[PDB]
Protein chains: 2
Amino acid sequence: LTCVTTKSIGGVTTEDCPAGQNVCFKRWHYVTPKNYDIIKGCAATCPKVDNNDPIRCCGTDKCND
Amino acid sequence: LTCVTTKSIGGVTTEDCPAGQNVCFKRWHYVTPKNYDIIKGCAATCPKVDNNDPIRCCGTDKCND
């Protein structure tokens with residue numbers, strides 16, 4: 001699986017998820033009531049959200065664009 | 001190869017692994033000393049485990065049930 005990934009040093013690439021990570025996610029992390037950062041990448045499961053951040057989890061290549 | 005797969009949005013289906021992915025895995029991911037989530041799917045190799053999560057890797061259809 002290839003997911004769009006937010007570079008650890010900012011920016012965005014594409015990355016083949018390590019074996020066992022079959023979920024791409026796109027999370028709109030709200031830093032303020034109006035501002036958010038989008039985090040994208042590979043994961044083993046859809047990341048747990050308990051702060052109501054919208055999240056998109058999918059299992060197809062670059063589905064988290 | 002057809003592996004049991006945990007849906008990216010929760011749940012479980014069956015999926016034909018993409019070409020080059022000949023391993024089904026079932027990982028009991030421990031979130032707490034008593035609680036765990038089971039992750040299942042296709043992989044190119046048996047996923048690396050360094051946190052002692054039990055893992056089952058096999059190469060036959062739905063062997064990771």
Side-chain angles (χ1 to χ4, degrees):
Chain A
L1 181 71
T2 296
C3 299
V4 178
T5 300
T6 301
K7 291 198 285 290
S8 58
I9 204 56
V12 48
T13 6
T14 264
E15 101 151 45
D16 275 35
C17 304
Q21 291 194 10
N22 289 330
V23 179
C24 293
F25 71 88
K26 179 177 181 184
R27 184 185 186 132
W28 289 263
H29 182 55
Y30 280 79
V31 298
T32 76
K34 264 206 300 311
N35 304 337
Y36 54 87
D37 236 287
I38 301 170
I39 306 160
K40 300 165 179 174
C42 295
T45 50
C46 186
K48 150 197 162 286
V49 172
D50 68 335
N51 67 164
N52 311 116
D53 275 338
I55 189 164
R56 155 77 171 174
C57 285
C58 50
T60 58
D61 289 341
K62 299 178 206 168
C63 58
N64 66 333
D65 59 297
Chain B
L1 181 71
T2 296
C3 299
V4 178
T5 300
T6 301
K7 291 198 285 290
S8 58
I9 204 56
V12 48
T13 6
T14 264
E15 101 151 45
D16 275 35
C17 304
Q21 291 194 10
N22 289 330
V23 179
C24 293
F25 71 88
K26 179 177 181 184
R27 184 185 186 132
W28 289 263
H29 182 55
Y30 280 79
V31 298
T32 76
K34 264 206 300 311
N35 304 337
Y36 54 87
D37 236 287
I38 301 170
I39 306 160
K40 300 165 179 174
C42 295
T45 50
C46 186
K48 150 197 162 286
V49 172
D50 68 335
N51 67 164
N52 311 116
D53 275 338
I55 189 164
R56 155 77 171 174
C57 285
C58 50
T60 58
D61 289 341
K62 299 178 206 168
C63 58
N64 66 333
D65 59 297

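Residue numbers begin at 1 in each chain, while the letters A, B, ... track the order of the sequences. Note that these values count all heavy atoms, side chains included, but never hydrogens, waters or copies made by symmetry.
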Problem set entry | Within-4.5 Å side-chain heavy-atom neighbours: B:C63 and B:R56 | yes

Exercise. Donor-acceptor pair, B:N64 side chain versus B:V4 backbone, under 3.5 Å?
Worked result: yes

Exercise. Less than 2.5 Å separating the SG atoms of B:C42 and B:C17?
Worked result: yes

Seminar exercise, completed: Residue set satisfying side chain to side chain contact (heavy atoms under 4.5 Å, CB included) with B:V49, at least two apart, ordered chain then number -> B:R27, B:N51, B:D53, B:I55

For this session: Determine, for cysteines B:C24 and B:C3, whether their SG atoms are under 2.5 angstrom apart.
Result: yes

For this session: Report the C-alpha separation of B:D61 and B:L1 in whole Å, then their side-chain angles, then the decisive distance to 0.1 Å, and conclude whether the side chain to side chain contact (heavy atoms under 4.5 Å, CB included) test is met.
Result: CA-CA 6 Å; B:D61 289 341; B:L1 181 71; 3.6 Å; yes

Exercise. Would you say A:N35 has more than 12 foreign heavy atoms packed within less than 6.0 Å of its CG?
Worked result: yes

Exercise. Looking only at atom types and distance, does a side-chain atom of B:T5 sit under 3.5 Å from a main-chain N or O of B:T13, one as donor and one as acceptor?
Worked result: no

For this session: Please name all residues satisfying side chain to side chain contact (heavy atoms under 4.5 Å, CB included) with A:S8, sequence neighbours left out, ordered by chain then number.
Result: none

Exercise. Any link between A:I38 and A:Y30 through a network of hydrophobic side chains (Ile, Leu, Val, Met, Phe, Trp, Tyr) touching at under 4.5 Å?
Worked result: yes

Problem set entry | side chain to side chain contact (heavy atoms under 4.5 Å, CB included) between A:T45 and B:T6, intermediate numbers included | CA-CA 8 Å; A:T45 50; B:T6 301; 5.8 Å; no

Exercise. Do A:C46 and A:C57 have their SG atoms less than 2.5 Å apart?
Worked result: yes

Exercise. What residues, two or more places apart in sequence or in another chain, satisfy side chain to side chain contact (heavy atoms under 4.5 Å, CB included) together with A:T14?
Worked result: A:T2, A:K62

Exercise. Do A:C58 and A:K26 have side-chain heavy atoms sitting under 4.5 Å apart?
Worked result: no

